[PDB]
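Asker: I'd like to ask some things about the structure below.
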Amino acid sequence: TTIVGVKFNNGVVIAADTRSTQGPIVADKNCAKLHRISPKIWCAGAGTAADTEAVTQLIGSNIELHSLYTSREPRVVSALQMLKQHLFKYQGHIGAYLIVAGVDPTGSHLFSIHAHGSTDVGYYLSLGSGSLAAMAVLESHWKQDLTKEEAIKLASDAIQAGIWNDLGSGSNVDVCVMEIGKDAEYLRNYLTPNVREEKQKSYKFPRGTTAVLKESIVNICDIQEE
Amino acid sequence: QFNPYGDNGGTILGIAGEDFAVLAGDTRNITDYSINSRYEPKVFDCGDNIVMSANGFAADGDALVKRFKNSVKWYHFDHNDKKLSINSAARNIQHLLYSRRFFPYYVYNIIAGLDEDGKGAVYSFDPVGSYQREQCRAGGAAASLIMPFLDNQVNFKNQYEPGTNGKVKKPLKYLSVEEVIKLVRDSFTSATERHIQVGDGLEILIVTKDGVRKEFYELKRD
Amino acid sequence: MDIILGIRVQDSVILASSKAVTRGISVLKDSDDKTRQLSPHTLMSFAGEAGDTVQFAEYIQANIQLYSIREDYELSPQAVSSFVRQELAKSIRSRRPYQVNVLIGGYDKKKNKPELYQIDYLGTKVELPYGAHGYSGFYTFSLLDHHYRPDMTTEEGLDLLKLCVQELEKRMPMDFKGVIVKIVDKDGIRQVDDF
Amino acid sequence: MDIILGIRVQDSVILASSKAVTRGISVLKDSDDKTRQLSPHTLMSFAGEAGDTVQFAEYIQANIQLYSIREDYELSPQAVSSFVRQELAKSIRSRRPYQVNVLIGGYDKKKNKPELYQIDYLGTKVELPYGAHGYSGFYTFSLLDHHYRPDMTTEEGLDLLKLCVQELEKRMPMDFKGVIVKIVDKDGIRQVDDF
Amino acid sequence: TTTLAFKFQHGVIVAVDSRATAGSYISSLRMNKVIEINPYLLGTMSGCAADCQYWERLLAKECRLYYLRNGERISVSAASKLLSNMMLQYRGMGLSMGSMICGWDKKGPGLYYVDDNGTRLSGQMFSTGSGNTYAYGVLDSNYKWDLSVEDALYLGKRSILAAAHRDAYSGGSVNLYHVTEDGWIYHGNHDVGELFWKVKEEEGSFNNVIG
Amino acid sequence: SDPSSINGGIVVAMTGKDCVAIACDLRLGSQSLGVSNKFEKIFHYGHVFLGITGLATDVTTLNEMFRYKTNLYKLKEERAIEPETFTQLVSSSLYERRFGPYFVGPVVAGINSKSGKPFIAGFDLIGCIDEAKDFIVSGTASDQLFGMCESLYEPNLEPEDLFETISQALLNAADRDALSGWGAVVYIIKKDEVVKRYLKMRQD
Amino acid sequence: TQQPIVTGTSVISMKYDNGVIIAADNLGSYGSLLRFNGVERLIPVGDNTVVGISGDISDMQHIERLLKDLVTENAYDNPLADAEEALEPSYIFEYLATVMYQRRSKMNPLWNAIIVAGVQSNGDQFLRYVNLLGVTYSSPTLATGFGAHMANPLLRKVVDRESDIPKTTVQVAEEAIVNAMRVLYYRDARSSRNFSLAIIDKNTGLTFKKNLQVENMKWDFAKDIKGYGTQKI
Amino acid sequence: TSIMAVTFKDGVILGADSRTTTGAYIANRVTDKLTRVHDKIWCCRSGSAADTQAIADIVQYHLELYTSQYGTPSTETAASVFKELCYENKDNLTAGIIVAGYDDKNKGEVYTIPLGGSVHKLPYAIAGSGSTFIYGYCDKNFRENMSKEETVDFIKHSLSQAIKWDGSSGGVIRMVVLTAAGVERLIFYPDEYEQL
Amino acid sequence: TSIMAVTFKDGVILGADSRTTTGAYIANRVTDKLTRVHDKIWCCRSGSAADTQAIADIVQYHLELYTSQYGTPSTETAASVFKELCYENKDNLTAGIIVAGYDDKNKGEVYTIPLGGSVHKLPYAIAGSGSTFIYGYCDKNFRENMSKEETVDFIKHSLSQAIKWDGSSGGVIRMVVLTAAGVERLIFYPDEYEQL
Ligand SMILES: *[C@@](C)(CO)[C@](*)(O)[C@H](Cc1ccccc1)NC(=O)[C@H](Cc1c[nH]c2ccccc12)NC(=O)[C@@H](C)NC(=O)CN1CCOCC1
Ligand SMILES: *[C@@](C)(CO)[C@](*)(O)[C@H](Cc1ccccc1)NC(=O)[C@H](Cc1c[nH]c2ccccc12)NC(=O)[C@@H](C)NC(=O)CN1CCOCC1
Ligand SMILES: [Mg+2]
Ligand SMILES: [Mg+2]
Ligand SMILES: [Mg+2]
Ligand SMILES: [Mg+2]
């Protein structure tokens with residue numbers, strides 16, 4: 001995977017590619033790596049795919065209950081603290097590497113978190129196998145006082161660098177923008193630069209091509225009346 | 001500890017027609033998760049209407065091809081410019097590979113051309129020298145993805161004639177060069193989609209009695 | 001222990017099990033009965049690590065006998081085999097798993113059918129017309145694949161079983177000291193005293 | 001290979017050697033003769049790692065046959081056994097030692113005495129009234145210690161040998177497929193075709 | 001693989017499968033595991049394909065040279081021994097080869113088993129490869145010296161089928177050979193898929209399998 | 001040694017036009033030894049189908065477990081479980097064994113009885129969901145199946161056409177895997193009828 | 001078999017319309033110790049080739065001597081040593097590639113990654129890579145070590161394929177290389193600020209620039225960053 | 001990492017680099033290694049970032065709870081809590097921490113807590129991978145009762161050299177001044193300290 | 001071990017401690033680590049004593065034979081012979097050598113040859129286990145074209161600190177001055193250098 005986070009004037013944006021792998025094989029060509037913790041707190045995960053989901057759903061569940069208990073909108077520092085303490089407890093055996101970003105009554109926030117429980121603060125971050133390809137773009141083009149449109153461009157450019165140059169990354173670009181005083185906009189498949197070309201031939205078979213031994217109706221309905 | 005071997009990825013594919021043969025391979029070269037080159041030729045014209053590709057560890061692949069090209073040159077010197085037949089080239093390559101039985105060339109080798117009756121020929125090798133003539137063969141990273149497709153679409157395996165219901169097979173009708181190239185292109189496009197080490201470009205070498213022709217096609221660069 | 005065979009014929013299930021018990025380089029016993037009656041119409045043979053086999057078999061026997069008394073009813077071979085499988089599947093993720101493979105031969109009095117179940121130490125269950133554990137199948141399954149019919153008599157089943165043991169005795173490096181053969185049918189369980 | 005036995009009686013030396021050859025889990029042959037005639041009145045049986053045994057035995061056979069032709073004279077069993085020992089003692093410190101154990105049974109025509117030598121792969125030689133290699137001695141030496149006399153006939157030696165094989169067949173976990181028995185006496189070497 | 005060979009009244013039968021594997025992946029559906037060393041000599045292949053091909057083709061060179069020097073065909077015994085001696089040079093170097101040298105010479109029909117350890121055994125019947133145990137089961141129960149050429153060819157064919165069915169690393173097709181005093185005779189390539197269904201119906205065997 | 005390749009097996013699922021298909025081989029083995037040719041790997045809980053590859057004891061165990069859980073779901077909810085919901089249940093159940101997992105590759109296939117939308121999904125052994133639009137593969141010939149499905153598949157196929165495509169993807173992938181084969185079954189699933197077909201294939 | 005002791009990090013390079021550019025920093029690291037600060041890792045061979053080397057410095061100095069000896073040997077009995085029979089980049093590379101593969105085949109490798117950059121007799125650009133395994137490949141952009149991961153992505157944005165080479169000028173190419181070297185200084189812990197850059201043009205020849213520094217660096221934003229999560233002061 | 005804490009006339013100053021590495025890759029070049037566990041009690045962290053963050057968070061919790069019950073804790077008390085965690089969990093931790101704080105009674109104090117979980121009170125302390133290269137410089141140039149400006153220069157020059165030789169150290173030099181006056185954060189960029 | 005060589009106006013000075021350890025035991029506390037391979041070409045040895053002695057002996061043989069044929073060798077030539085041995089036998093050696101010599105043409109020169117067998121010409125060089133602790137001090141205090149007295153003080157102060165922090169270093173400080181005037185041996189005892 002390739003993931004990034006970029007801060008800007010009035011908020012923060014995260015982005016990710018859409019490839020998942022079993023070794024050198026691509027399991028899913030359009031995976032969703034942008035996860036929702038709360039409405040305006042989104043995280044994006046690399047490493048063990050099930051761990052990034054499970055840990056996100058768990059903390060998101062507890063965050064929702066916390067938000068209900070306190071009658072307040074959830075804060076990113078809460079999600080951060082809850083995640084790192086959970087991950088630290090399992091000593092890196094939960095292979096979740098996350099970029100956590102969001103807006104809350106305190107302002108806009110951007111953090112990274114590693115599987116062992118260490119956290120970092122930044123204006124621009126990158127995680128996953130394509131982190132170096134993405135960070136090269138971020139170090140080249142990032143500046144202070146970015147606009148929303150400049151930041152989405154920078155973030156998606158950083159993901160593309162990963163898509164093209166990292167074998168562990170590919171397919172499409174997902175984005176989520178979190179601006180202060182606004183609803184978060186999740187832009188699923190913001191970019192689609194890897195559409196498969198038309199095949200040369202149709203491999204639709206003649207009906208009767210496959211040899212059959214037995215046929216039978218499968219009863220999926222419940223036991224019937226009368 | 002020093003590891004003398006490496007994996008440069010790539011995938012190759014040879015198909016034997018009735019009076020032609022093709023040897024195709026992608027042009028991507030890699031180590032781990034990085035791309036070295038998007039266009040690094042892998043299939044070579046070795047002379048005498050024979051094409052060759054050694055897929056796996058590129059250093060060993062380049063060395064083997066280089067040695068076989070040399071073997072062709074010395075075959076001409078030693079035997080009065082006689083044409084090296086495809087079967088003779090195959091047996092020669094076996095002995096090149098087995099000379100390193102205890103420190104092998106880490107490659108899956110395929111050659112293609114025409115036999116002495118003018119018919120299409122493909123020979124396939126393992127890293128230590130076992131070889132055999134075949135009709136169809138995919139080698140390298142995405143070999144396991146492509147071969148089953150070729151069993152189905154070239155040799156019509158598990159295909160029967162409608163109406164008979166498994167009693168009568170689909171007859172083994174021959175394929176044209178235009179039909180074969182379609183199967184090659186679809187094979188690599190499909191492999192590119194599901195294999196991370198396959199992509200960038202596709203280079204096909206076609207062998208007929210008229211000589212060796214090349215065709216290049218773009219592949220996905222992600 | 002080593003070799004345990006099973007075959008399901010028309011009206012019965014036949015189990016054959018080796019008699020040898022080895023400790024170090026010495027054969028301590030050549031008449032060991034590697035089986036336990038779980039119920040009047042259900043027999044279980046077993047093979048695996050020393051000590052674990054008998055402990056597991058007797059534990060299963062106790063549980064089925066307890067069920068029989070509690071309900072005044074004999075569990076079907078299928079029900080018993082499922083119970084046994086679960087105990088092994090539970091066992092494999094324990095601190096110290098029980099390394100036992102079993103064949104369960106039973107006659108279902110309800111359906112009037114013989115039934116043979118093969119279960120390995122992982123809890124891998126399969127119903128079969130004939131089965132074996134360990135290396136026994138490598139030698140015998142080719143003979144069974146060839147000669148086996150589902151309408152075979154008990155006598156024909158014993159003859160085919162003799163042929164399997166003869167092949168084992170010829171091609172195995174291991175002296176397993178012959179087999180004890182037991183038949184499971186509608187009338188219950190009996191031992192073939194001459195084999 | 002596995003079991004090789006030897007016994008020296010009044011007027012002869014008797015060697016018994018197993019017939020089994022195994023490769024993987026399959027017994028490839030049950031009639032293998034694990035012996036080579038070194039000279040008309042000297043027989044050598046052998047047991048050890050696959051391939052090495054026959055190569056070593058034939059190499060020794062060639063050397064003794066070469067000596068016999070060169071001198072027109074049969075070397076004494078003692079001389080042959082010493083030659084064999086030296087080759088093994090030379091071998092053990094080589095890059096790749098030959099893992100072969102041997103028994104050399106011979107009749108010395110000069111002294112009119114049977115002689116049995118036991119040599120292991122390290123080059124450890126001992127003259128004995130009866131001997132064995134590997135685990136064979138663990139089962140058989142107690143019987144030989146009890147029943148053996150030096151004035152035994154060849155027939156009595158065969159009977160005591162049968163008793164040793166019966167004990168092996170009972171207590172070994174290994175099926176060695178019986179033995180080929182050969183007698184070495186004043187008249188030369190002959191095989192007992194019924195044993 | 002599965003290979004077998006056995007002597008009988010009318011010579012020797014030789015039968016092999018044609019599968020080749022690279023792990024669990026089936027690399028080849030049809031690989032030739034018999035070598036025609038000369039019109040009266042055959043060699044089976046089991047183990048490392050490269051080792052089998054290289055050393056048996058080298059045996060043929062050495063067997064051919066024997067004919068030129070002596071003006072006479074090499075014996076089966078001598079050919080098998082040359083091969084076993086080659087294996088003994090690369091002792092413990094990691095070669096993996098199991099072969100049966102089958103032929104007809106002056107002593108009549110000859111059959112020798114030879115492997116990478118140097119083991120060399122004469123015998124009536126042999127079977128090598130991952131599926132040898134399955135083949136032995138059919139062979140041992142149905143073998144006779146008094147077999148007809150037709151019945152013997154079927155036995156070897158049926159024995160490979162048994163192994164191809166049960167052994168995951170054996171299959172593809174069956175290659176048959178019959179060695180006579182006038183030389184060996186090829187009796188074709190038989191697809192296991194088609195052969196299985198045919199045998200099932202005609203013989204009544206494999207009752208447990210549905211078709 | 002590797003639990004995911006001791007017994008062998010494969011499963012594949014495909015979407016079509018107002019239909020889905022799921023198929024599996026019938027082999028169960030002990031490494032090289034073939035043991036059973038009747039070991040079906042597809043189960044159903046109401047109208048939701050589940051295919052499971054991997055270690056056979058865990059396949060059997062999980063079937064029994066999801067039968068248990070879906071029967072309780074139905075008693076409490078007073079309705080059959082749907083594919084989208086069942087998928088989440090499978091993911092939950094697998095991840096609760098994160099550090100002592102079932103060695104399996106499950107595949108869900110079915111049609112939502114309300115929306116009528118065809119649905120398939122795959123998982124790794126610990127629960128990560130792969131909700132694909134086109135197809136899902138699992139087993140010892142997953143690489144082979146990826147190659148066949150990726151080249152043979154095309155969207156919006158009709159039931160009787162989808163049957164031929166999925167059957168040929170399975171059969172030819174199985175014939176390049178030593179640990180798969182020995183028979184095959186294909187389920188063709190429509191909103192209110194399901195057909196099950198046993199295929200004729202080579203038995204080696 | 002050995003292990004590298006004193007090492008040099010990334011070497012980066014690219015093709016442009018009239019030639020090639022190559023660059024590498026002047027650091028000789030001793031594990032985590034930034035031991036030697038005046039190490040030249042770009043080595044010119046004639047006026048048409050520059051060999052950039054990363055990896056073990058002791059092996060670099062050995063290769064440097066092989067090349068120096070190669071020039072000497074080529075001049076022997078060669079009146080056209082400074083003309084038609086001068087050393088070409090393709091000759092120099094193939095020689096090195098032969099040596100590297102032979103050394104790995106003896107299980108005693110030269111622990112390096114090498115990029116040979118130059119311009120041939122016919123004006124064609126030459127740029128090819130070789131390493132301790134004897135693996136060779138060519139591309140419009142090439143980089144070793146960390147450069148492969150961080151520099152290539154940036155350089156490939158300028159020259160993504162073969163057809164972009166004639167469209168790329170020397171000013172654009174040098175700017176991209178210099179920027180890449182800055183990025184490597186930010187992110188490679190085994191890198192230095194001081195570096196060397198070489199341009200081999202088919203018209204203007206070989207320009208070798210020494211004592212270059214990474215400049216225009218962004219650090220000001222660091223003042224605002226506080227704590228690792230919850231800290232405000 | 002290169003970290004140090006130095007006592008002087010008016011109080012104590014903490015200093016650190018800003019580089020965090022994962023092998024040879026710089027994961028963060030603007031890290032803040034100066035962490036606050038109380039108003040005027042700060043620490044410098046070295047070793048596992050996960051371990052040192054978890055510890056400092058727990059310590060911050062203990063001192064917050066201490067303050068609520070017993071008032072402002074001493075720098076010695078803070079160092080004891082650090083120690084108790086580092087010592088009792090030494091088998092499962094990799095943390096090397098320097099504690100520094102200001103009281104009006106005890107003025108500036110510095111405690112260092114190396115791997116094993118021992119405690120050592122010192123006039124000044126250095127730690128981290130880069131500290132090895134400045135043992136000689138710091139020993140020769142350190143004086144007691146320096147001025148603030150003298151102490152800032154001492155830390156600047158010292159960490160300048162640590163950064164120069166240690167690849168695991170670098171970036172900016174952060175400092176935190178602890179006096180009666182309050183808490184002053186300082187920062188020094190490469191272009192300033194590299195030319196020293 | 002703590003060893004260094006420093007160029008200055010009139011030539012070059014080599015310096016070293018005198019401690020040799022076998023683990024924590026001091027096998028020799030008065031070792032002479034300054035070894036002569038030619039009249040005015042000396043070396044400092046670090047690493048395996050067996051290896052460095054064997055090498056320096058071979059080098060002394062080569063330069064003696066060089067001199068008989070071609071006259072006085074250069075310091076560069078001496079360093080090349082050291083290198084050729086250290087580089088070609090790197091798999092079987094553990095030697096870190098500093099070469100220092102005086103010519104009238106080239107004046108004072110210093111070459112360092114670390115583990116791998118690379119060569120580096122420098123104004124001054126430091127090596128040995130104790131060198132790590134004085135990288136910062138030496139970098140800050142070294143100047144070019146120092147006087148003899150300034151250079152002696154520089155080496156004395158530097159090795160004083162190396163000895164202070166490194167347990168593998170200690171004893172006396174030996175020095176060898178290489179100028180046109182000749183060869184001067186110096187020695188400095190603990191009571192002198194410890195109080196610096
Ligand atoms: C890149 C694709 C890196 O490969 C991304 O980080 C990506 C992140 C991601 C996040 C959400 C959804 C999809 C993808 N990571 C993966 O795709 C990840 C690769 C992977 C597999 N095992 C890993 C261990 C440590 C780090 C990364 C790992 N995929 C998975 O984890 C999925 C496919 N699960 C498995 O492959 C399960 N494996 C667990 C152990 O047994 C073998 C199977
Ligand atoms: C069974 C199939 C065992 O698996 C047979 O013995 C078979 C024997 C055989 C002999 C001659 C030709 C073909 C096959 N052996 C193999 O297929 C063998 C098994 C194998 C794989 N690695 C091994 C290591 C040690 C011993 C056996 C091993 N396979 C091979 O040797 C593989 C590497 N060779 C090929 O697949 C040959 N390829 C040549 C190019 O075309 C595709 C096949
Ligand atoms: Mg990519
Ligand atoms: Mg002995
Ligand atoms: Mg099979
Ligand atoms: Mg000291």
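Chain labels run A, B, ... following the order of the structure tokens; each chain numbers its residues from 1, and ligands are numbered from 1 in the order shown.
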Enumerate residues in contact with ligand 2: an atom-to-atom distance of at most 6 Å, counting only C-alpha atoms and all ligand atoms. Format the result as a compact mmCIF listing (two decimals) with N, CA and C atoms, in the first residue's frame.
Answerer:
# COMPACT_ATOMS: atom_id res chain seq x y z
N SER B 124 11.00 -26.24 -23.97
CA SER B 124 10.93 -25.67 -22.62
C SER B 124 11.95 -26.36 -21.72
N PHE B 125 12.63 -25.57 -20.89
CA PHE B 125 13.69 -26.07 -20.00
C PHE B 125 13.43 -25.70 -18.55
N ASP B 126 13.90 -26.55 -17.64
CA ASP B 126 13.99 -26.20 -16.22
C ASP B 126 15.41 -25.68 -15.96
N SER B 130 16.50 -30.28 -17.77
CA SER B 130 15.45 -31.13 -18.33
C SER B 130 14.67 -30.33 -19.36
N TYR B 131 14.49 -30.90 -20.54
CA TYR B 131 13.75 -30.22 -21.58
C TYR B 131 12.83 -31.15 -22.34
N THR E 1 6.14 -38.91 -9.79
CA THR E 1 5.95 -40.04 -10.74
C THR E 1 5.60 -41.45 -10.34
N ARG E 19 3.37 -37.19 -15.74
CA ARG E 19 3.22 -35.95 -14.98
C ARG E 19 4.57 -35.38 -14.56
N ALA E 20 4.63 -34.06 -14.45
CA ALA E 20 5.79 -33.37 -13.91
C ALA E 20 5.31 -32.25 -13.01
N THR E 21 5.92 -32.14 -11.83
CA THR E 21 5.51 -31.15 -10.84
C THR E 21 6.65 -30.24 -10.40
N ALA E 22 6.27 -29.04 -9.98
CA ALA E 22 7.17 -28.08 -9.38
C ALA E 22 6.45 -27.57 -8.13
N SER E 27 3.71 -28.79 -13.64
CA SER E 27 4.49 -28.11 -14.66
C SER E 27 4.27 -28.72 -16.04
N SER E 28 4.16 -30.04 -16.11
CA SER E 28 3.92 -30.71 -17.39
C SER E 28 2.82 -31.77 -17.29
N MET E 31 5.15 -35.59 -20.08
CA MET E 31 6.60 -35.64 -20.19
C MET E 31 7.04 -37.08 -20.40
N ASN E 32 7.95 -37.28 -21.34
CA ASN E 32 8.41 -38.62 -21.60
C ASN E 32 9.42 -39.11 -20.57
N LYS E 33 9.09 -40.21 -19.91
CA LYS E 33 9.91 -40.77 -18.84
C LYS E 33 10.54 -42.09 -19.23
N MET E 45 12.47 -43.19 -15.90
CA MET E 45 12.91 -41.98 -15.21
C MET E 45 12.02 -41.66 -14.01
N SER E 46 12.66 -41.41 -12.87
CA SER E 46 11.96 -40.97 -11.66
C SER E 46 12.91 -40.15 -10.79
N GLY E 47 12.42 -39.02 -10.29
CA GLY E 47 13.24 -38.12 -9.48
C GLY E 47 13.45 -36.80 -10.19
N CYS E 48 14.67 -36.27 -10.12
CA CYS E 48 15.01 -35.03 -10.81
C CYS E 48 15.06 -35.29 -12.31
N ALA E 49 14.19 -34.61 -13.05
CA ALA E 49 14.09 -34.77 -14.50
C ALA E 49 15.43 -34.52 -15.19
N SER E 96 19.32 -36.91 -7.71
CA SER E 96 18.07 -37.59 -7.41
C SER E 96 17.58 -38.30 -8.67
N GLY E 129 9.05 -44.25 -7.92
CA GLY E 129 8.33 -42.98 -7.89
C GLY E 129 7.40 -42.85 -6.70
N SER E 130 6.78 -41.68 -6.58
CA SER E 130 5.87 -41.38 -5.47
C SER E 130 4.67 -42.32 -5.39
N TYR E 169 0.84 -36.63 -7.22
CA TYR E 169 2.02 -36.31 -8.02
C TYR E 169 2.29 -37.33 -9.12
N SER E 170 1.25 -38.07 -9.51
CA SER E 170 1.30 -38.98 -10.66
C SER E 170 0.04 -38.81 -11.49
Asker: Can you tell me which residues surround residue 64 of chain E at a distance of at most 10 Å, considering only C-alpha atoms, apart from same-chain residues fewer than 3 positions away, and format the answer as a ChimeraX atom specification?
Answerer: /E:37-38,58-61,67-69,72-74
Asker: Residues within 8 Å of segment 74-83 of chain F, please, as JSON, numbers by chain. Count only C-alpha atoms; anything in the same chain fewer than 2 positions from it doesn't count.
Answerer: {"F": [45, 46, 47, 48, 70, 71, 72, 85, 86, 87, 108, 109, 110, 111, 112, 113, 119, 120]}
Asker: Residues near segment 142-153 of chain C, anyone? I mean within 8 Å using only C-alpha atoms, not counting same-chain ones fewer than 6 positions away, as a list in words.
Answerer: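 After dropping sequence-adjacent residues, the list is residues 8, 9, 10, 11, 129, 130, 160, 163 and 164 of chain C; 134, 135, 137, 138, 162, 163, 166, 205, 206, 207 and 208 of chain E.
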Asker: Let me see if you get this right: every residue at most 8 Å from ligand 3, counting only C-alpha atoms and all ligand atoms, written as a count of residues only.
Answerer: 12
Asker: When the cut-off is 10 Å and you count only C-alpha atoms and all ligand atoms, which residues lie near ligand 6, shown as a PyMOL selection string?
Answerer: chain I and resi 1-2+17+19+130+160-171
Asker: Taking only C-alpha atoms and all ligand atoms into account, which residues are within 9 Å of ligand 5, as a PyMOL selection string?
Answerer: (chain E and resi 19+131+163-172) or (chain F and resi 32-34+178-179+181-182+203-204)
Asker: Could the residues in this selection be saved with C-alpha atoms as an mmCIF file, in the first residue's frame?
Answerer:
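As written to disk, out-v9.cif reads:
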data_model
loop_
_atom_site.group_PDB
_atom_site.id
_atom_site.type_symbol
_atom_site.label_atom_id
_atom_site.label_comp_id
_atom_site.auth_asym_id
_atom_site.auth_seq_id
_atom_site.Cartn_x
_atom_site.Cartn_y
_atom_site.Cartn_z
ATOM 1 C CA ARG E 19 3.217 -35.950 -14.983
ATOM 2 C CA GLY E 131 3.075 -43.734 -6.590
ATOM 3 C CA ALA E 163 -1.300 -44.839 -8.925
ATOM 4 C CA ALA E 164 -2.331 -41.891 -11.115
ATOM 5 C CA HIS E 165 -5.728 -41.947 -9.390
ATOM 6 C CA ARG E 166 -4.530 -41.972 -5.768
ATOM 7 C CA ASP E 167 -1.121 -40.255 -5.967
ATOM 8 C CA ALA E 168 -1.474 -36.493 -6.489
ATOM 9 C CA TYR E 169 2.019 -36.308 -8.020
ATOM 10 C CA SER E 170 1.304 -38.979 -10.657
ATOM 11 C CA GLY E 171 -0.950 -38.714 -13.714
ATOM 12 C CA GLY E 172 -1.355 -37.164 -17.159
ATOM 13 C CA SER F 32 -0.078 -36.857 -1.773
ATOM 14 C CA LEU F 33 -2.735 -39.419 -0.785
ATOM 15 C CA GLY F 34 -6.275 -38.908 -2.082
ATOM 16 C CA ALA F 178 -2.000 -31.757 -7.890
ATOM 17 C CA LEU F 179 -4.014 -31.137 -4.704
ATOM 18 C CA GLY F 181 -9.793 -32.225 -8.529
ATOM 19 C CA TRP F 182 -11.370 -35.668 -8.067
ATOM 20 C CA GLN F 203 -9.934 -38.494 -11.784
ATOM 21 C CA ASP F 204 -6.152 -38.177 -11.335
#
Asker: With a distance cut-off of 9 Å and only C-alpha atoms, select the neighbouring residues of residue 143 of chain E, excluding the residue or stretch itself and same-chain residues fewer than 4 positions from it, and output the selection as JSON, numbers by chain.
Answerer: {"E": [6, 8, 138, 139, 147, 152, 155]}
Asker: For ligand 4, collect every residue having any atom at a distance of at most 7 Å from a ligand atom (counting only C-alpha atoms and all ligand atoms); output as an MDAnalysis selection string.
Answerer: chainID D and resid 118:120 124:126
Asker: Given the selection you just returned, output its residues as a file containing N, CA, C and O atoms, formatted as a compact mmCIF listing (two decimals), in the first residue's frame.
Answerer:
# COMPACT_ATOMS: atom_id res chain seq x y z
N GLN D 118 35.00 -60.46 12.62
CA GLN D 118 34.00 -59.40 12.63
C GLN D 118 34.72 -58.06 12.53
O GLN D 118 35.56 -57.74 13.37
N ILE D 119 34.40 -57.29 11.49
CA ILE D 119 35.01 -55.97 11.27
C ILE D 119 33.93 -54.93 11.03
O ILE D 119 33.09 -55.10 10.16
N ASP D 120 33.97 -53.84 11.80
CA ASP D 120 33.03 -52.73 11.62
C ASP D 120 33.63 -51.64 10.73
O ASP D 120 34.80 -51.72 10.35
N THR D 124 37.47 -51.93 13.16
CA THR D 124 37.60 -52.63 14.44
C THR D 124 37.47 -54.13 14.20
O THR D 124 36.37 -54.64 13.99
N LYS D 125 38.60 -54.84 14.23
CA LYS D 125 38.61 -56.28 13.96
C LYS D 125 38.65 -57.14 15.22
O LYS D 125 39.37 -56.83 16.17
N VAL D 126 37.87 -58.21 15.21
CA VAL D 126 37.89 -59.21 16.28
C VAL D 126 37.61 -60.60 15.70
O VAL D 126 36.70 -60.76 14.88
Asker: Collect all residues with atoms no farther than 9 Å from ligand 1, counting only C-alpha atoms and all ligand atoms, and output them as number ranges by chain.
Answerer: A: 1-3, 17-23, 26-28, 31-35, 44-53, 95-97, 127-130, 167-170; F: 103, 123-130
Asker: Do you have the atom CA of residue 136 of chain C-atom CA of residue 26 of chain D distance handy?
Answerer: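 Between atom CA of residue 136 of chain C and atom CA of residue 26 of chain D the gap works out to 11.9 Å.
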